[PDB]
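Asks: Here it is, the structure, as structure tokens.
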Amino acid sequence: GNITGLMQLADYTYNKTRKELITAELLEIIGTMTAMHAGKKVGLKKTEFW
Amino acid sequence: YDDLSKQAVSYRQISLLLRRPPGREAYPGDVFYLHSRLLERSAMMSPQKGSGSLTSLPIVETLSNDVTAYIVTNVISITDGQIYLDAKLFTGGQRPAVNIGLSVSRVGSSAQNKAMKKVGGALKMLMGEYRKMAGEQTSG
Amino acid sequence: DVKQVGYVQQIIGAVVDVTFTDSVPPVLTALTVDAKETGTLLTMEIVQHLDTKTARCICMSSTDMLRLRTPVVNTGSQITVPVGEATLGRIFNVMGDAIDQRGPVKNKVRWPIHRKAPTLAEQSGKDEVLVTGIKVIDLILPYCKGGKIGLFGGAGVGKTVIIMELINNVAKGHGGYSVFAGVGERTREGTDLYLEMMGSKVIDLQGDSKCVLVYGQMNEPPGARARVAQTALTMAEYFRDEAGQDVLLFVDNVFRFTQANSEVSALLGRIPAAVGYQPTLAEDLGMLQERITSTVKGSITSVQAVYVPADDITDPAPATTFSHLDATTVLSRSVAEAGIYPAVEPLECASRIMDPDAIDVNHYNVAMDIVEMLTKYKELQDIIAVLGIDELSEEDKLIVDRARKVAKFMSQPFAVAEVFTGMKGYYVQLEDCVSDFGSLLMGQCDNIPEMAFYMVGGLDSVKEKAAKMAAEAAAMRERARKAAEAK
Amino acid sequence: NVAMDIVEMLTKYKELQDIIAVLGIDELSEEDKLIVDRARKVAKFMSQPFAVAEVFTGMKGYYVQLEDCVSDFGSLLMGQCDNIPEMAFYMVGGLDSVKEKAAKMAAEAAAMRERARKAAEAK
Ligand SMILES: COCCOCCOCCOc1ccc(C(C)(C)CC(C)(C)C)cc1
């Protein structure tokens, strides 16, 4: 019974940490893609206004 | 409020669709302000203002009896107390499934009627003993 | 009157953008381009406006060989799907184009796919019970009308036979048709499920079929699979509203309904909130579920298979799904190998309508007593394997007998498999079932042996089997006595 | 020096939690379970009431002076007080308050036995 009580917490924290590691890697990639979007410039948009 | 945990998901949509910088558990970071704007509006007003009131019983969903979630602790960091219902007891027939150890009311002693204050003292002591005497034996 | 035309301006995977010269159509509006260009018909639904004349549209088929600035026809509305009696005994993709090769479908009207949910006034707060006819379900897990149900089963647990029987019973008991939704279904299982509906006559091609089928397959992009359950549910809202009756809605794994929308949100570029599921998780899932509700005019019940990745309930897809469910029909290989069919494990199951405020009192007290009994039997089962049945008191061994009787009595046959295995099926009512379990609980039927309750339905039916068993054994004695006495 | 030894004792008690949580205190050497029975006492003694939290612990708050904080730990560290049970240290301040509480518990516990004797004789 005790070992099971430990096993659920171990499985729980394993999956908690698994999911948080996934989320973190995503936000790293999105941070980089976003920073590059800031690095890229805007164009001109030349057209007739009159 | 049934419930705040589902409010944060909607605000998370609005932030992420606006590409606001996320944070812990996908949330932006100003999700604490989101609830503090709301739950500070609850108050027992002063006699200068009418001595009215606005009590707020918010509801928040845990996951596998985990108060270490970000939103749960954002809200425990705001509320004037805590009521913790356990699925172990709800499955075990006890309903309402209040866990008295993990539950607390930080202010209600002043408001508790004296008739109930004394009975509560007796039962608090009794349950403090029951909580220990039930576990120490462990069927010994 | 004329029709609107637009021009493509970029293609990135499934995503496509469509310039116009006038007001852009609404969101979720379908945009068709003729089959001469791509080689096949092609539909794309607007998702996301980019400017006053551009309209990002997700594509449901392969956009290969699609040139740039091709003409694009505005349908005038969103994906109009078939509806009616003609829909039955057929299969339809997301667009309502039949894929079973069985000629056209003779429908009168054709309804859109993204219907708004029922208003609060259309609802019916009165929680009702769906008489499934399966006593195992009805006793412990009353399927609430207009409710969401969970079905947990892998391979070889009678999942197919259950859903087939549900179709049959709801077709005769409640007089209501059904509908299946294969979201991310393996295309092999489409054949293995469409052909089982021919041997079981759930799809009587030369007669009256009962279920509609909707297969959004894995070979289809996520823009299609995400829009499948809306199709299968639109088929059901016709039967709810116009026919004015009750309906089932079987949903192959909702996990694959969630994944597909995650993929759409990725392609659109939306930042994934969590583990990788879209930020609009509960919205896209709830827009579906909130249409699955009871009404003043009918009901749509939904038996939903759910996959739990890594057996973790905390993942947002299961966790958000569970917040909508009402009952959990768990299936286990263990009980199946022990001869029980349907392979339901009642203790790990659960329901929401189990409350005398909802159901009658007798149905509740009897069921709770069975749960107490079988729970105690599990504990005593942990003792018998250790100590032995002779260790138990006289009071305990009685419930060790009755719990075995109950568990064997849960085993029910099925008219679906009546041709395969040969044995008849039994549609057992609700109230009769409660009196049966109340007899087995009050001890007024204890002299009956255990195996008589195996694979039967109703207390009035087992007694024929008990008499048959006694007569058979008496004939074996009368055979042995005279075969031994003659010599 | 006292604090160094207290922290050391708890560093050992923490390592033994991984066993006690699994097997039990009965599977530990006599030396080990003495350290367990003593570290539990230190941890329960670390607890004390505050005048602010009187609403919760239901007790008046104590103010433990520094010089009286060390002699108590030193006595509890040198084994100078092992006859006292574990629960007499819970929510008190100063070992004098302990010995008062231990008297209270001994009195109540014995009174239950004389009371149960009368409840048994009358029964
Ligand atoms: C009080 O009434 C409650 C009725 O609830 C109906 C909805 O229940 C939601 C189902 O929740 C669960 C919880 C756990 C599980 C387990 C852990 C058993 C699934 C498992 C073993 C596959 C991981 C499955 C479903």
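Asks: Quickly run through the range D:24-50 and pick out the residues that are of a type in the set (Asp, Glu) and either in contact with a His (Cβ under 6 Å, 6 or more places away or on another chain) or surrounded by 12 or more Cβ atoms within 10 Å (Cβ to Cβ) (or both). Explain how you work it out, then say what you get.
Replies: Of all residues in the range D:24-50, those of a type in the set (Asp, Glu) come to D:26-27, D:30-32, D:37.
Answer for the range D:24-50, where residues must be of a type in the set (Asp, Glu) and either in contact with a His (Cβ under 6 Å, 6 or more places away or on another chain) or surrounded by 12 or more Cβ atoms within 10 Å (Cβ to Cβ) (or both): D:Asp32, D:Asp37.
Asks: Next question, about the same structure. Could you please find all residues in the range C:298-328 being more than 14 Å from chain B (Cβ to nearest Cβ) and among the charged types (D, E, K, R)?
Replies: Across the range C:298-328, the qualifying residue is only C:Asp326.
Asks: Check off (1) surrounded by fewer than 14 Cβ atoms within 10 Å (Cβ to Cβ); (2) not assigned by CATH to the domain that holds C:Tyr194 for C:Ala338 and give me the number that stays unchecked.
Replies: It is condition (2) that C:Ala338 fails.
Asks: Next question, about the same structure. Quick check on the range C:378-390. Is at least one of its residues over 20 Å from the mean Cα position of the chain (by Cα), assigned by CATH to the domain that holds C:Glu283 and either loosely packed, with under 14 Cβ neighbours inside 10 Å or in contact (Cβ under 8 Å) with a residue 24 or more places away in the chain (or both)?
Replies: So in the range C:378-390, the residues over 20 Å from the mean Cα position of the chain (by Cα) come out as C:378-390.
Remaining after also requiring assigned by CATH to the domain that holds C:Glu283: none.
Among the residues of the range C:378-390, not one is over 20 Å from the mean Cα position of the chain (by Cα), assigned by CATH to the domain that holds C:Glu283 and either loosely packed, with under 14 Cβ neighbours inside 10 Å or in contact (Cβ under 8 Å) with a residue 24 or more places away in the chain (or both), which makes the answer no.
Asks: Give the residue that is farthest from C:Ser265 (Cα to Cα), with candidates limited to residues of the range B:17-66 that are among the acidic types (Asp, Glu) and assigned to a loop (DSSP other than H, G, I, E, B). Walk me through how you get there before you give the answer.
Replies: Filtering the range B:17-66 for residues among the acidic types (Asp, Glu) gives B:25, B:30, B:40, B:61, B:66.
Checking which are assigned to a loop (DSSP other than H, G, I, E, B) leaves us with B:30, B:40, B:61, B:66.
Values: B:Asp30: 23, B:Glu40: 36, B:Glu61: 26, B:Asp66: 29 Å.
Only one residue tops the list, namely B:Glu40.
Asks: Within the range D:51-82, take every residue that is of a type in the set (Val, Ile, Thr) and touching a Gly at 6+ places or on another chain (Cβ under 8 Å) and give me the one that is surrounded by the fewest Cβ atoms within 10 Å (Cβ to Cβ). Even if it seems obvious, please write down each step before you answer.
Replies: From the range D:51-82, those of a type in the set (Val, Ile, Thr) are D:52, D:55, D:57, D:64, D:70; that's our starting set.
Filter again for touching a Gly at 6+ places or on another chain (Cβ under 8 Å), leaving D:52, D:64.
Values: D:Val52: 8, D:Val64: 14.
In this case the residue turns out to be D:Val52.
Asks: Since C:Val308 meets every condition but one in (1) under 21 Å from the mean Cα position of the chain (by Cα); (2) buried (at least 20 other Cβ atoms within 10 Å of the Cβ); (3) within 13 Å of the ligand (Cβ to nearest atom), which condition does it not meet?
Replies: (2)
Asks: Only one of C:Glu196, C:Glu165 is surrounded by 21 or more Cβ atoms within 10 Å (Cβ to Cβ) and within 23 Å of C:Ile91 (Cβ to Cβ). Can you tell me which? Spell out the reasoning first.
Replies: Details: C:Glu196 fails: surrounded by 21 or more Cβ atoms within 10 Å (Cβ to Cβ).
When all the criteria are applied, what remains is C:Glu165.
Asks: Same structure again: Considering only residues of the range C:24-80 that are touching a strand residue (DSSP E or B) at 6+ places or on another chain (Cβ under 7 Å) and charged (D, E, K, R), which is nearest to C:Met218 (Cα to Cα)?
Replies: C:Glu45
Asks: In the set C:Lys159, C:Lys172, which member is among the basic types (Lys, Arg) and within 23 Å of C:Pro346 (Cβ to Cβ)? Steps first, answer last, please.
Replies: On the way: C:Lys172 fails: within 23 Å of C:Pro346 (Cβ to Cβ).
Unique residue meeting the criteria: C:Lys159.
Asks: Counting only residues that are in contact with a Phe, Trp or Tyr (Cβ under 8 Å, 6 or more places away or on another chain), without any contact (Cβ under 8 Å) to a residue 60 or more places away in the chain and assigned to a loop (DSSP other than H, G, I, E, B), how many does the range C:429-457 have?
Replies: Counting residues in the range C:429-457 that are in contact with a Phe, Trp or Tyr (Cβ under 8 Å, 6 or more places away or on another chain), without any contact (Cβ under 8 Å) to a residue 60 or more places away in the chain and assigned to a loop (DSSP other than H, G, I, E, B) gives 1.
Asks: Give the residue that is nearest to the chain's Cα centre (by Cα), with candidates limited to residues of the range C:315-331 that are within 10 Å of the ligand (Cβ to nearest atom) and of a type in the set (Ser, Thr, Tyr).
Replies: Filtering the range C:315-331 down to residues within 10 Å of the ligand (Cβ to nearest atom) leaves C:318-319, C:321-328, C:330.
Applying the additional criterion that residues be of a type in the set (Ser, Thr, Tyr) yields C:321, C:323, C:328.
Numbers: C:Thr321: 14, C:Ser323: 17, C:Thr328: 11 Å.
Residue satisfying both the conditions and the ranking: C:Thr328.
Asks: Could you please find all residues in the range C:353-363 being buried (at least 17 other Cβ atoms within 10 Å of the Cβ) and within 15 Å of the ligand (Cβ to nearest atom)? Spell out how you get there, then give the answer.
Replies: Step one: list which residues in the range C:353-363 are buried (at least 17 other Cβ atoms within 10 Å of the Cβ), which gives C:353-354, C:358-359, C:363.
Within the range C:353-363, C:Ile353, C:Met354, C:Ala358, C:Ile359 meet the criteria.
Asks: Hey, another quick one. Which count do you get for residues in the range C:29-87 that are hydrophobic (A, V, I, L, M, F, W, C), under 32 Å from the mean Cα position of the chain (by Cα) and closer than 24 Å to C:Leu267 by Cα? Outline the logic, then answer.
Replies: Step one: list which residues in the range C:29-87 are hydrophobic (A, V, I, L, M, F, W, C), which gives C:30-31, C:33, C:35, C:41-42, C:44, C:46-47, C:50, C:55, C:57-60, C:65-66, C:68, C:72-73, C:79, C:81, C:83, C:86.
Narrowing the set further to residues that are under 32 Å from the mean Cα position of the chain (by Cα) leaves C:30-31, C:41-42, C:44, C:46-47, C:57-60, C:79, C:81, C:83, C:86.
Filter once more, so that each one left must be closer than 24 Å to C:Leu267 by Cα: C:30-31, C:41-42, C:44, C:46-47, C:57-60, C:79.
Going through the range C:29-87 one residue at a time, the tally reaches 12.
Asks: Could you please find all residues in the range C:183-213 being among the basic types (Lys, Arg), in contact (Cβ under 8 Å) with a residue 24 or more places away in the chain and more than 23 Å from C:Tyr307 (Cβ to Cβ)? Can you show your working first?
Replies: Step one: filter the range C:183-213 for residues among the basic types (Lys, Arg), giving C:186, C:188, C:201, C:210.
Now restrict to residues that are in contact (Cβ under 8 Å) with a residue 24 or more places away in the chain: C:186, C:210.
Residue satisfying the conditions is C:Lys210 alone.
Asks: Quick check: anything in the range C:282-296 over 14 Å from the mean Cα position of the chain (by Cα) and within 15 Å of the ligand (Cβ to nearest atom)?
Replies: The initial filter retains those residues of the range C:282-296 that are over 14 Å from the mean Cα position of the chain (by Cα), namely C:282-288, C:290-291, C:293-296.
Retained after the next criterion (residues that are within 15 Å of the ligand (Cβ to nearest atom)): C:285.
Yes; the residues of the range C:282-296 include at least one that is over 14 Å from the mean Cα position of the chain (by Cα) and within 15 Å of the ligand (Cβ to nearest atom).
Asks: All but one of (1) within 11 Å of another protein chain (Cβ to nearest Cβ); (2) without any contact (Cβ under 8 Å) to a residue 24 or more places away in the chain; (3) within 30 Å of A:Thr32 (Cβ to Cβ) hold for B:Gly121, so report the exception by its number.
Replies: Failing condition for B:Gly121: (3).
Asks: Moving on. Considering each of C:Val275, C:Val264 in turn, give the residue that is within 14 Å of chain B (Cβ to nearest Cβ), in contact with a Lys or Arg (Cβ under 9 Å, 6 or more places away or on another chain), in a loop (DSSP other than H, G, I, E, B) and of a type in the set (A, V, I, L, M, F, W, C).
Replies: C:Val275
Asks: Within the group A:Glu20, A:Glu25, A:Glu48, which residue is without any contact (Cβ under 8 Å) to a residue 24 or more places away in the chain, more than 24 Å from C:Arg270 (Cα to Cα) and of a type in the set (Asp, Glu)?
Replies: Testing whether each residue is without any contact (Cβ under 8 Å) to a residue 24 or more places away in the chain, more than 24 Å from C:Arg270 (Cα to Cα) and of a type in the set (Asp, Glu) leaves just A:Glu48.
Asks: Quick one: which residue in C:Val335, C:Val344, C:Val254 is within 16 Å of the ligand (Cβ to nearest atom) and within 14 Å of the chain's Cα centre (by Cα)? Can you show your working first?
Replies: Details: C:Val335 fails: within 14 Å of the chain's Cα centre (by Cα); C:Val344 fails: within 14 Å of the chain's Cα centre (by Cα).
Just one listed residue meets the conditions, C:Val254.
Asks: Condition (residue is within 14 Å of chain C (Cβ to nearest Cβ) and either in a loop (DSSP other than H, G, I, E, B) or of a type in the set (A, V, I, L, M) (or both)) applied to the range B:71-82: is it met by at least one residue? Lay out the reasoning, then the answer.
Replies: The first filter runs over the range B:71-82 and keeps only residues within 14 Å of chain C (Cβ to nearest Cβ), leaving B:71-72.
Then keep just the ones that are either in a loop (DSSP other than H, G, I, E, B) or of a type in the set (A, V, I, L, M) (or both); that gives B:71-72.
For the range B:71-82, residues within 14 Å of chain C (Cβ to nearest Cβ) and either in a loop (DSSP other than H, G, I, E, B) or of a type in the set (A, V, I, L, M) (or both): present.
Asks: Further question: Return yes when D:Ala21 is under 26 Å from B:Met125 (Cα atoms), surrounded by 12 or more Cβ atoms within 10 Å (Cβ to Cβ) and in contact with a helix residue (DSSP H, G or I) (Cβ under 8 Å, 6 or more places away or on another chain) and no when it is not.
Replies: Values: under 26 Å from B:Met125 (Cα atoms): no; surrounded by 12 or more Cβ atoms within 10 Å (Cβ to Cβ): yes; in contact with a helix residue (DSSP H, G or I) (Cβ under 8 Å, 6 or more places away or on another chain): yes.
Judged against the criteria, D:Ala21 is not a match.
Asks: Just give me the residues in the range C:225-245 being surrounded by fewer than 24 Cβ atoms within 10 Å (Cβ to Cβ) and among the hydrophobic types (A, V, I, L, M, F, W, C), in sequence order.
Replies: C:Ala243
Asks: Can you give me the number of residues within the range C:428-455 that are within 16 Å of C:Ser411 (Cα to Cα), under 25 Å from the mean Cα position of the chain (by Cα) and surrounded by fewer than 18 Cβ atoms within 10 Å (Cβ to Cβ)?
Replies: Of the residues in that region, 1 qualify.
The values are calculated or read from the model by the stated rules, or taken from the named source; no laboratory read-out is quoted. A quick note on method: Cβ atoms are made from the backbone with ideal geometry, for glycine too, and the neighbour counts reach across all protein chains shown.
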